[PDB]
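Structure, as structure tokens:
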Protein chains: 2
Amino acid sequence: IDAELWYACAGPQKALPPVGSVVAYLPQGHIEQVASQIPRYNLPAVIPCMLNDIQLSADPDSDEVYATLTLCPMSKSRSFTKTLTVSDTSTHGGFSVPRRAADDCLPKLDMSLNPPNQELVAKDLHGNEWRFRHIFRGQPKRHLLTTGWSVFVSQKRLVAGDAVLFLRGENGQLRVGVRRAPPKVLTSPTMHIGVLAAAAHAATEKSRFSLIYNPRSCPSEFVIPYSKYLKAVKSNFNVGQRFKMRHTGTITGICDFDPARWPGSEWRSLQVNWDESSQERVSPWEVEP
Amino acid sequence: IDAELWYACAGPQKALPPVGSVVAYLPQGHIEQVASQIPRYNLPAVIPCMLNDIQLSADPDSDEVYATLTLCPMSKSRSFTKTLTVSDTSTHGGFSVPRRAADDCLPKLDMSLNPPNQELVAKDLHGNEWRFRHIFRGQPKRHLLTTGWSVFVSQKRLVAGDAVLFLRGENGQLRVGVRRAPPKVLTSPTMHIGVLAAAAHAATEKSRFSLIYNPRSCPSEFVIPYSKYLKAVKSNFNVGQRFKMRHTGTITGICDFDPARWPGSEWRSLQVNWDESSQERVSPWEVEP
DNA sequence: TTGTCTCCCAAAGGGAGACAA
DNA sequence: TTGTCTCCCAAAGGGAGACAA
Ligand SMILES: [Cl-]
Ligand SMILES: [Cl-]
């Protein structure tokens, strides 16, 4: 069940492609992630790759999640999320659990008692256990978390604006995680050169290479199912078409995102204007007509 | 004076070479730092480089120090350090200042008063100010730090085994720093490939490239003055010679550290046995006969 | 010399409804 | 519905010598 926790801490719509399936590796997207004179490398804009391995992991102190993926080029369970408020982080009080959250995720309280209460034990990404006291009190009544909250906010160093996740599997085990609100080993040019050179060798030799996916630090996925890439490139978009991605927008143009470095590429090849003002260049597979 | 603080947080004997001087870039050492199938790159084992720029910096949250250096290949003020003990970090009590520390570093207390005391204001690497109360009390008497200590240990998240630094310049300004007791963006092969490829292009084209120095994460310096490299290579070592580095040892052999990848290199080319048991391969410039 | 303990008084917070958004 | 406030009783800690390493 921890694997389902990892995707929760990552994001609701991450959906990593399944190991052993063909995927489209898009180097320009890999470059955008590790960006959150130089040797130029002649390299294809999409590299169809076999997904050889996925390793999910998390940094214990930072609690951030990342995955190691191994590529070789070729020839639903109940949960809830809440963004933390001031009273949740502040020393006084506890944690206000949303009403919909307690009925669908947390185990159902025995309302015969007064106040209804249970000792909740939850596991985080690294196997630790956290004992929260889940109570039903106040006027008007509300679901709170008291005993373990003060300890939990202090060791995981949460502040307001972050968010906590709770995830119950069909198993008895309850799982908890946190998602924090949004250059120390190599310089940017060296990181740049590294990505493209590993990819260039891997593409020419048809040999294994590896990369790290940071779903939180990733503006858009750069390892997507190869069939999803092919369907969007086959489908013809035209200016003025109506698409969704739920936000709605209109396609204002279709050209290359970078004709100098990455010519002929479908990466962010669509120019769109957003209907509601609340990035104007997106890729074909992200939008749906 | 903050530049002298950076070298304190780095280490006592770091002594970065001065900008504008010729240096010897040793790729194998750069590789050892970022290590704390693959394309092989034909590259020299020492690259004489002009040191174009040094940028000293520090991560605010982690408090770790690193420097960005720009290379182009070609054709004392009073301070004290104390490792933190349990009573220094524990909630009760304060901070015990060593006796030698208060007389040579901290401003001299006015012992006419009772208890002698002063409000100390210190700056860390990032311009912040910390107010400590420096008192002389106890029986037998001792120099302590009280008021600001509890706050300082909690925000900088110090534990036992770390160390605090205090540094007074000739200016009135007092400076404080901490040194903490001893793969999230790129995989190791990609980092490897990046270092060597940036160096290979920079060496062939005689163009600028950059690197990051992590003095705490660095087992031995890999950017050294070019004259220091040349003197040690000119000097002939022989087996059984007596050297110092203060520890004392004997030279047991002289061969290549890696004949396959880095042949003919002077990097860690000396085999030594240590006189006191309390790495047995070192480079010529680190040892002194 | 200095780390660690004990213990005292004040502070800081765990947890409880009271109130509007 | 739920964030925030107030305020009460217990806890946790700031700071002070007392003692050996
Ligand atoms: Cl895992
Ligand atoms: Cl600086």
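Sequence lines set the chain letters: A, B, ... in the order given, protein chains first and strands last, and positions in each chain run from 1.
Heavy atoms of B:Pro140 sit under 4.0 angstrom from at least one base atom. At the heavy-atom level, A:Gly93 lies under 4.0 Å from base atoms of the strands shown. The residue A:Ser96 sits close only to the backbone: its heavy atoms come under 4.0 Å of sugar-phosphate atoms, none of a base.
Distances shown here put every side-chain N or O of A:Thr146 at or beyond 4.0 Å from the OP1 or OP2 atom of C:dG14. OP1 and OP2 of C:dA18 both lie 4.0 Å or more from every side-chain N or O belonging to A:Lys141. Proximity of A:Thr147 to the phosphate of C:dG15: a side-chain N or O atom is located under 4.0 Å from OP1 or OP2. Between B:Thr85 and C:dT2 there is no side-chain polar atom (N or O) within less than 4.0 angstrom of OP1 or OP2. OP1 or OP2 of C:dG17 lies within a sub-4.0 Å distance of a side-chain N or O belonging to A:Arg137.
Atom CD1 in A:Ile135 sits about 9 Å away from atom P in C:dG15, given to the nearest Å. For the pair B:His92 NE2 and D:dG17 P, the interatomic distance rounds to 16 Å; values are reported in whole Å. Put simply, CZ on B:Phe136 is 11 Å from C1' on C:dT1, counting in whole angstrom units.
Between B:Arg157 and B:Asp63, no side-chain nitrogen of the basic residue sits less than 4.0 Å from a carboxylate oxygen of the acidic one, so the salt-bridge criterion is not met. In summary, A:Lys156 and A:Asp162 do not engage in a salt bridge, as defined by a charged side-chain N under 4.0 Å from a carboxylate O.
Of the candidate nucleotides D:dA18, C:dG13, D:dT4, C:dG13 has the atom nearest to the side chain of A:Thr91. With D:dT4, C:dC7, C:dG14 as the candidates, the nucleotide lying closest to the side chain of A:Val86 is D:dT4. Looking at the side chain of B:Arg99, the nearest of the listed nucleotides C:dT1, D:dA16, D:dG14 is C:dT1.
Taking only distance into account, the side chain of A:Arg142 meets the base of D:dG3 through a donor-acceptor pair shorter than 3.5 Å.
Taking the P atom of each, C:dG15 and D:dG13 are spaced 15 Å apart, rounded to whole Å. Rounded to whole Å, the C1' atom of D:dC9 lies 23 Å from the corresponding atom of C:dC19.
At a cut-off of 3.5 Å, with distance as the only test, a side-chain donor of A:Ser220 or A:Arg268 sits close to an acceptor on the other residue.
Note on residues 108-129 of chain A: no pairs pass ring pair (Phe, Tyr, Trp, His ring centres under 6.0 Å), not counting sequence neighbours.
C:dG3: Watson-Crick or G-U partner is D:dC19, with both key distances under 3.5 Å.
For B:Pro225, the side chain to side chain contact (heavy atoms under 4.5 Å, CB included) partners at least two apart in sequence or on another chain are B:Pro17, B:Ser227, B:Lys228.
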